[PDB]
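K.L.:
After the structure tokens below, expect a handful of questions from me.
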Amino acid sequence: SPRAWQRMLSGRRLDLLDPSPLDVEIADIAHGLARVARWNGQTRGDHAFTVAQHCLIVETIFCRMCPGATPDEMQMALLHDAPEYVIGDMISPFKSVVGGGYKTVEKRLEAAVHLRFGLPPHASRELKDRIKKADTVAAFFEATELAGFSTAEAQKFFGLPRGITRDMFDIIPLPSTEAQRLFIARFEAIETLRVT
Amino acid sequence: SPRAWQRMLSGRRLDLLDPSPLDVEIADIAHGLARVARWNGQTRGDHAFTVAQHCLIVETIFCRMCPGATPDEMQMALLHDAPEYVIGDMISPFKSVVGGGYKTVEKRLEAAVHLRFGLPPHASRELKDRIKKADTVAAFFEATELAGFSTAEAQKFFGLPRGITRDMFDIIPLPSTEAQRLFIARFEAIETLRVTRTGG
């Protein structure tokens, strides 16, 4: 039989094509994101550079680029790649190749994750733009520091960062256990700011 | 500008949509496969369960299921998931959602990898079937031991293995550096067998 859901280590499961927010838990997300690699694993270092670590850098960069950000926006930045815990990581060039299809699932997973945590199902276009810019800045530094791209390649593909420098975050690839711990800790810190 | 290639740590690059066999090198494959996770990282263990480790289990299971396998066939088993070093890992359920363009890329990458190593560009229909059966048995064991699936779930999705047992291979997730070392070692061992079988 074709598989319709992803079982989680915690016992929960999420329907792949019509995910329910009520099946989403941050422990499940953090576990997976701390083991899923960016850049197809083509990165310098004994440990893969994980999606969880990418999320941490993105949220950090987002806050530096957007000093007026609200806690809800910070959480949307941290959780932007959360759907990868069920759909996996695919490099951007293939996102333009996949069917519609895959993109529909990705959008549904975003809504499920957001709704779970009392966030708008989708970021506004303006907020999406801010988070995407932070993502692309992170990509520039990962591409050059970790994934073997020249500065010329990274500038072409990602653009030259505007006012963000590599000393504003930590890019050395973390082991899964540490990435997981740090991801949950930041999520919990932002949750605390949100009620406030 | 959109990106048309993947640069490797070794300096070479592979074109994503029209890969050349001559840009493929096993060191690049091993490095990446030893860091790409299966099961979307939803696995028990301090370390991700990597595609490289999956390949090693598949090739071992394949040999056990197919005692008459030739060295070329062993190598095609080990390398079946090699394209993931450029296309990444996607769970099987999303293959019916992803579209024909993706499948075409996969197949072109299989050819590039195979041609690099002097193998048929694609496995015969019959070899493909044998490798797939081995892959599915590996999936059964990974699903139950690592990825949180019950025996009933794994039986439903992958079938109950027949004559393959968990003691035949190593399922606990290995760190990237060790999965990489073991993957290269097995690739090289099979390469030696290929030279033996082909003769002068």
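Chain labels A, B, ... are given in the sequence in which chains occur in the structure tokens; within each chain residues are numbered consecutively from 1, and ligands are likewise numbered from 1 in the order shown.
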Could you name the residues that touch stretch 90-95 of chain B at 9 Å or less, counting only C-alpha atoms, but leaving out those on the same chain fewer than 2 positions away, as a list in words?
P.N.:
residues 2, 3, 4, 5, 16, 86, 87, 88, 89, 90 and 102 of chain A; 38, 39, 40, 84, 87, 88, 97, 98, 99, 102 and 103 of chain B
K.L.:
What residues in chain B lie within 9 Å of chain A, counting only C-alpha atoms, written as a PyMOL selection string?
P.N.:
chain B and resi 1-11+16+28-29+31-44+46-49+84-94+97-102+146-149+153+156-158+175-177
K.L.:
Skipping near chain neighbours, those fewer than 4 positions away, what residues fall within 12 Å of stretch 184-191 of chain B using only C-alpha atoms, listed as an NGL selection string?
P.N.:
:B and (25-34 or 52-53 or 55-60 or 63 or 69-79 or 82 or 117-119 or 177-180 or 195-198)
K.L.:
If we count only C-alpha atoms, what is near stretch 69-74 of chain A at a cut-off of 7 Å, once residues fewer than 2 positions away on the same chain are taken out, given as a tab-separated table (two decimals) with N, CA and C atoms, in the first residue's frame?
P.N.:
```tsv
chain	number	residue	atom	x	y	z
A	59	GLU	N	16.73	33.31	11.34
A	59	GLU	CA	15.99	34.11	12.30
A	59	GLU	C	16.89	35.20	12.90
A	63	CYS	N	16.25	39.27	12.38
A	63	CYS	CA	16.17	40.24	13.48
A	63	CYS	C	17.16	41.39	13.30
A	66	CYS	N	15.78	43.50	10.46
A	66	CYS	CA	14.46	44.03	10.81
A	66	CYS	C	14.36	44.27	12.31
A	67	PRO	N	15.03	45.31	12.82
A	67	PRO	CA	15.04	45.58	14.26
A	67	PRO	C	13.66	45.84	14.88
A	76	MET	N	7.74	33.10	12.75
A	76	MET	CA	7.57	32.74	11.34
A	76	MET	C	8.92	32.61	10.61
A	77	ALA	N	9.90	33.42	11.00
A	77	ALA	CA	11.24	33.33	10.41
A	77	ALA	C	11.91	32.02	10.81
A	78	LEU	N	11.90	31.71	12.10
A	78	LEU	CA	12.50	30.47	12.57
A	78	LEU	C	11.84	29.25	11.95
A	119	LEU	N	-0.26	31.20	14.71
A	119	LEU	CA	0.24	32.20	13.77
A	119	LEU	C	-0.65	32.27	12.54
A	190	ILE	N	11.23	32.66	21.84
A	190	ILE	CA	10.30	33.46	21.06
A	190	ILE	C	8.86	33.25	21.57
A	193	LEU	N	8.24	35.51	24.38
A	193	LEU	CA	8.05	36.91	23.96
A	193	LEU	C	6.68	37.14	23.35
A	194	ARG	N	6.10	36.10	22.76
A	194	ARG	CA	4.81	36.22	22.09
A	194	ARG	C	3.65	36.43	23.05
```
K.L.:
For residue B:134, please output as a PyMOL selection string all residues within 6 Å (counting only C-alpha atoms; exclusion window: fewer than 3 positions along the same chain).
P.N.:
chain B and resi 58+61-62+131+137
K.L.:
Just how far from atom CA of residue B:124 is atom CA of residue B:21, in Å to one decimal?
P.N.:
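Pair atom CA of residue B:21 / atom CA of residue B:124 returns 19.0 Å.
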K.L.:
How many Å lie between atom CA of residue A:83 and atom CA of residue B:15, rounded to one decimal?
P.N.:
27.2 Å
K.L.:
Taking the DSSP secondary structure from the backbone, can you list the residues of stretch 7-132 of chain A that are helix (DSSP H, G or I), as a PyMOL selection string?
P.N.:
chain A and resi 21-23+26-33+39-41+51-65+71-78+84-87+92-95+102-116+125-132
K.L.:
Which distance in Å separates atom CA of residue A:124 and atom CA of residue A:139, to one decimal?
P.N.:
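Between atom CA of residue A:124 and atom CA of residue A:139 the gap is 22.0 Å.
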K.L.:
Residues of stretch 5-34 of chain A classed as strand (DSSP E or B) by DSSP on the backbone are to be reported as a PyMOL selection string.
P.N.:
chain A and resi 5-7+13-15
K.L.:
Could you save those same residues with N, CA and C atoms as a PDB file, in the first residue's frame?
P.N.:
```
ATOM      1  N   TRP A   5       1.186   8.898   5.320  1.00  0.00           N
ATOM      2  CA  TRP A   5       1.546   9.708   6.479  1.00  0.00           C
ATOM      3  C   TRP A   5       2.981   9.477   6.877  1.00  0.00           C
ATOM      4  N   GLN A   6       3.505  10.406   7.675  1.00  0.00           N
ATOM      5  CA  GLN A   6       4.785  10.243   8.310  1.00  0.00           C
ATOM      6  C   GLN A   6       4.554  10.037   9.800  1.00  0.00           C
ATOM      7  N   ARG A   7       4.955   8.872  10.287  1.00  0.00           N
ATOM      8  CA  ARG A   7       4.937   8.588  11.716  1.00  0.00           C
ATOM      9  C   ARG A   7       6.106   9.331  12.358  1.00  0.00           C
ATOM     10  N   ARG A  13       1.423  11.146  14.088  1.00  0.00           N
ATOM     11  CA  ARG A  13       1.653  11.112  12.650  1.00  0.00           C
ATOM     12  C   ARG A  13       0.991  12.290  11.969  1.00  0.00           C
ATOM     13  N   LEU A  14       1.541  12.664  10.821  1.00  0.00           N
ATOM     14  CA  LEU A  14       1.035  13.783  10.050  1.00  0.00           C
ATOM     15  C   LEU A  14       0.704  13.278   8.656  1.00  0.00           C
ATOM     16  N   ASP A  15      -0.506  13.587   8.199  1.00  0.00           N
ATOM     17  CA  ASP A  15      -0.953  13.222   6.860  1.00  0.00           C
ATOM     18  C   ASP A  15      -0.147  14.040   5.869  1.00  0.00           C
TER      19      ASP A  15
END
```
K.L.:
Residues at most 10 Å from residue A:58, counting only C-alpha atoms, excluding those fewer than 6 positions away in the same chain, as a PyMOL selection string?
P.N.:
chain A and resi 52+64+74+77-81+131-139+169
K.L.:
Filtering to N, CA and C atoms, could you give me those residues as a short mmCIF file (atom, residue, chain, number, x, y, z; two decimals), in the first residue's frame?
P.N.:
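Dumped everything to result-v7.cif:
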```cif
data_model
loop_
_atom_site.label_atom_id
_atom_site.label_comp_id
_atom_site.auth_asym_id
_atom_site.auth_seq_id
_atom_site.Cartn_x
_atom_site.Cartn_y
_atom_site.Cartn_z
N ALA A 52 17.94 22.81 10.76
CA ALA A 52 17.74 23.48 12.04
C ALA A 52 18.72 24.63 12.27
N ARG A 64 18.34 41.09 12.79
CA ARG A 64 19.32 42.15 12.54
C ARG A 64 18.90 43.06 11.38
N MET A 74 9.26 36.85 14.25
CA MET A 74 10.46 36.08 14.58
C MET A 74 10.16 34.59 14.49
N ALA A 77 9.90 33.42 11.00
CA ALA A 77 11.24 33.33 10.41
C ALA A 77 11.91 32.02 10.81
N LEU A 78 11.90 31.71 12.10
CA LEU A 78 12.50 30.47 12.57
C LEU A 78 11.84 29.25 11.95
N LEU A 79 10.52 29.31 11.79
CA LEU A 79 9.74 28.16 11.33
C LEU A 79 9.55 28.12 9.82
N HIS A 80 10.17 29.03 9.08
CA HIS A 80 9.92 29.07 7.65
C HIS A 80 10.23 27.74 6.94
N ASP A 81 11.32 27.10 7.34
CA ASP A 81 11.68 25.80 6.75
C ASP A 81 11.14 24.60 7.53
N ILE A 131 11.68 37.63 5.15
CA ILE A 131 12.23 36.33 5.55
C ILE A 131 13.05 35.75 4.41
N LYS A 132 12.56 35.87 3.18
CA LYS A 132 13.30 35.36 2.02
C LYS A 132 14.63 36.07 1.88
N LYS A 133 14.67 37.38 2.15
CA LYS A 133 15.93 38.11 2.08
C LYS A 133 16.92 37.59 3.12
N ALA A 134 16.43 37.35 4.33
CA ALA A 134 17.27 36.78 5.37
C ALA A 134 17.76 35.39 4.95
N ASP A 135 16.87 34.61 4.34
CA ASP A 135 17.23 33.26 3.88
C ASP A 135 18.35 33.31 2.83
N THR A 136 18.24 34.24 1.89
CA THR A 136 19.20 34.40 0.81
C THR A 136 20.56 34.89 1.33
N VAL A 137 20.54 35.78 2.32
CA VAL A 137 21.77 36.21 2.97
C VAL A 137 22.46 35.03 3.68
N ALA A 138 21.69 34.25 4.43
CA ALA A 138 22.23 33.03 5.03
C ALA A 138 22.82 32.13 3.96
N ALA A 139 22.10 31.96 2.85
CA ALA A 139 22.58 31.11 1.75
C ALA A 139 23.90 31.60 1.19
N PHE A 169 26.73 35.68 13.45
CA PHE A 169 26.17 34.35 13.70
C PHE A 169 27.27 33.29 13.61
#
```
K.L.:
Determine, counting only C-alpha atoms, which protein, DNA and RNA residues have an atom within 9 Å of an atom of residue B:163; residues of the same chain fewer than 2 positions away are not included. Present the result as an MDAnalysis selection string.
P.N.:
chainID B and resid 64:65 161 165
